[PDB]
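Note sheet for the following structure.
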Amino acid sequence: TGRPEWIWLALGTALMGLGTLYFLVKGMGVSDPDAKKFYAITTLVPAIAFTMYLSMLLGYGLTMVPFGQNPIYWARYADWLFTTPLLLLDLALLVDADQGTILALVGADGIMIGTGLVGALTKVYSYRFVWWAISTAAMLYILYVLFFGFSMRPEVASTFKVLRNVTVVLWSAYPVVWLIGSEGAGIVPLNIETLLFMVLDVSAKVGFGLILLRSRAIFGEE
Amino acid sequence: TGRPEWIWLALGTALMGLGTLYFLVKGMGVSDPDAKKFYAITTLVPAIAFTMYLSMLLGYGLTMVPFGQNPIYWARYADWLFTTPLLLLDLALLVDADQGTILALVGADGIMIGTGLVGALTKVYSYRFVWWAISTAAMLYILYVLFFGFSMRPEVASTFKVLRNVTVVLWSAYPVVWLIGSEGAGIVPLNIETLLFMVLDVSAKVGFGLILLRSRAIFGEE
Amino acid sequence: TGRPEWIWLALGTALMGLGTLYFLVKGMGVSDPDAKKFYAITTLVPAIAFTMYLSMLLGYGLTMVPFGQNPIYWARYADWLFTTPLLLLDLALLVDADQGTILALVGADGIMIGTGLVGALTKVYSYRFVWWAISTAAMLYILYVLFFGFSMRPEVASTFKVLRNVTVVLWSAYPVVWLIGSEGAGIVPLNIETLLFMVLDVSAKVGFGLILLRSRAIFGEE
Ligand SMILES: *C/C=C(C)/C=C/C=C(C)/C=C/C1=C(C)CCCC1(C)C
Ligand SMILES: *C/C=C(C)/C=C/C=C(C)/C=C/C1=C(C)CCCC1(C)C
Ligand SMILES: *C/C=C(C)/C=C/C=C(C)/C=C/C1=C(C)CCCC1(C)C
């Protein structure tokens, strides 16, 4: 509690935990294989985030990087490495995407997160932003595929449309927060940055899942 | 050989190596695609464990963690990260599990191992057990799915029943050994802990594989 | 630019980048799901390599290992961990390989790279070569499967034959370069070793992809 941002890490942990438990209870008794995939994917997402928010709260998921002793929460990338592709899989399964398109998405996502991590830990200040730029190019490619790389059922199309729009908006904020926060230019304090990421993460995982798991799009059509 | 536990790391290495070679020879000439998956999965398991037991023997897979300079063999988690999901896949393929259920299993398993590793390396003593608890919750979820989340063929059902029972028993010992050994309360010396893990690992990988690969459950039914 | 090998890391970065962009443009408008998989796989390969060549150029992907202060470019293994299995998947998809065989290949490849990395970072000089030997055994197993573990269409068979022959030749050079270069016996300077790896990598990723993506083997047969 010596670090001002502890409050948002604590709240983040609690909200991911509760979301995980909610999705877990909700998924009880589901027999439809299609719906099972969506529950499995959607429940794992906040469960993973829970563990990484906890690691940050307890101080395990924090390291000091010298550029310009900067506190970098590296645990976010461990979280994102797994949760972002899973979120993309939810969208991909919804629309019955070709395997080729899933691979494209998952691979671009690995690059986005991997280069983001490299940027986060880079000791030469100017180079951090080179990695930011490549990571953003990978994000833009993902956004492109989501709008132009590909829903047959009307309920599938409408849910996909919503979750896709939710994704483009929230995901796009991440590079901006990084850029202006402690990993980037340092204009916004780590405390506020942590709050922004918490709001983003919770919306993109728990908000996302609520929207998805309450839709009948997740069941094969009697 | 300056570390008393070297003998069990040496034996572990030899037993995983021989098991790998046995499974490799045995799988020669197998043409049935189903049986091929089982051999591939079951042979990779001890092959991976071989490499990580070797890394521990030679001292690469050991680090010192300050809490309470504690010797932590981190290589176990590198091994388990890959071998535990593969073992779960063997069981899952056997019963023709839905993809949703496989994802649930694999994901819960990643969490179990990942939080186990975080626990192993955590520098605040009390917090190590928080991570132990979350990892155990993930294990219990796996055990639950194995008994209640789902075999049609009688030979499939019987083999599955055996391998499942083998799994519940041996896997459950792992958290207990951790808790009382050098990663946890330090009641049992690293030397004995290493022996216990060796016996467990060899039974859960080589014993498991022997049981599976001698069964006709692994072939599609003339 | 203080390190003589910077020139080859710079060229490597440029060539992977251009190859990525070429494959990206070329894959535009492709609707055939089969062809989509090949483009996705084949474009991701140099894209990944691009990022890791960049990391090496900027000095992030380099560490000092004490044996015999040896400069080890660890980023190569981060690259190879993902790009080698993807290259094997290209070959595997081409021939419609059984899932069992894909798993065998991917798993053996993970072992090859993982033990290679362990070897690269090992502090006891003699032991480095133990890891080299195990990694090579895994490579030889891959080479075996590629020739004896399994093409129906004549265009599929011919393209596969070429890409397979390209693979056996180039991949086999890697262990030799390691052995004689800075990770191994230190007979050939890091500068020359980096050049050799650059030529190899570019041929095995961009040369490979050119050959594959210009073939009609990648489309399902009007
Ligand atoms: C649950 C977490 C989510 C949905 C996280 C999404 C994160 C991103 C889309 C991050 C993107 C970034 C870049 C595009 C540039 C570099 C910094 C990153 C990693 C924040
Ligand atoms: C071949 C290796 C096997 C089957 C290993 C299984 C290991 C576990 C089930 C470990 C479980 C653990 C917990 C449940 C709590 C924390 C400590 C661990 C990682 C030993
Ligand atoms: C694009 C990169 C490619 C195709 C890299 C292939 C690399 C190898 C086949 C490396 C093999 C190695 C061994 C067999 C022994 C130890 C050293 C390695 C990792 C270079």
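Count begins at 1; order follows the chain as displayed.
For all residues, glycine too, the Cβ spot is worked out from N, Cα and C.
Annotated features, as they stand in Swiss-Prot:
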TRANSMEM  A:6-25  transmembrane segment
TOPO_DOM  A:26-39  topological domain 'Cytoplasmic'
TRANSMEM  A:40-58  transmembrane segment
TRANSMEM  A:74-90  transmembrane segment
SITE      A:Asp79  site 'Primary proton acceptor'
TOPO_DOM  A:91-101  topological domain 'Cytoplasmic'
TRANSMEM  A:102-121  transmembrane segment
TOPO_DOM  A:122-128  topological domain 'Extracellular'
TRANSMEM  A:129-148  transmembrane segment
TRANSMEM  A:162-180  transmembrane segment
TOPO_DOM  A:181-192  topological domain 'Extracellular'
TRANSMEM  A:193-212  transmembrane segment
MOD_RES   A:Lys205  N6-(retinylidene)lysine
Worksheet item: How many Å separate the Cα of A:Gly68 from the Cα of A:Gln69, given that the 2 residues between them are not modelled?
Response: 8
Worksheet entry | Pairwise CA distance, A:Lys205 (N6-(retinylidene)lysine) versus A:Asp79 (site 'Primary proton acceptor'), rounded so that it is a whole Å | 11
Worksheet item: What are the DSSP helix, strand and coil residue counts for the topological domain 'Cytoplasmic' (A:91-101)?
Response: 7 helix, 0 strand, 4 coil
Worksheet entry | Structural state census, the topological domain 'Extracellular' (A:181-192) (DSSP three-state) | 3 helix, 0 strand, 9 coil
Item to complete: Could you break down the residues of the topological domain 'Cytoplasmic' (A:26-39) into DSSP helix, strand and coil, giving a count for each?
Response: 8 helix, 0 strand, 6 coil
Discussion item. Below 8 angstroms Cβ to Cβ, which residues of this chain, lying six or more residues outside the topological domain 'Cytoplasmic' (A:26-39), approach it?
Written reply: 90, 93, 212-213, 218-220
Worksheet item: For the topological domain 'Extracellular' (A:122-128), what does DSSP give as the number of helix, strand and coil residues?
Response: 4 helix, 0 strand, 3 coil
Item to complete: Return the whole-number Å distance between the Cα positions of A:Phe150 and A:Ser151, the residues flanking a gap of 5 unmodelled residues.
Response: 8
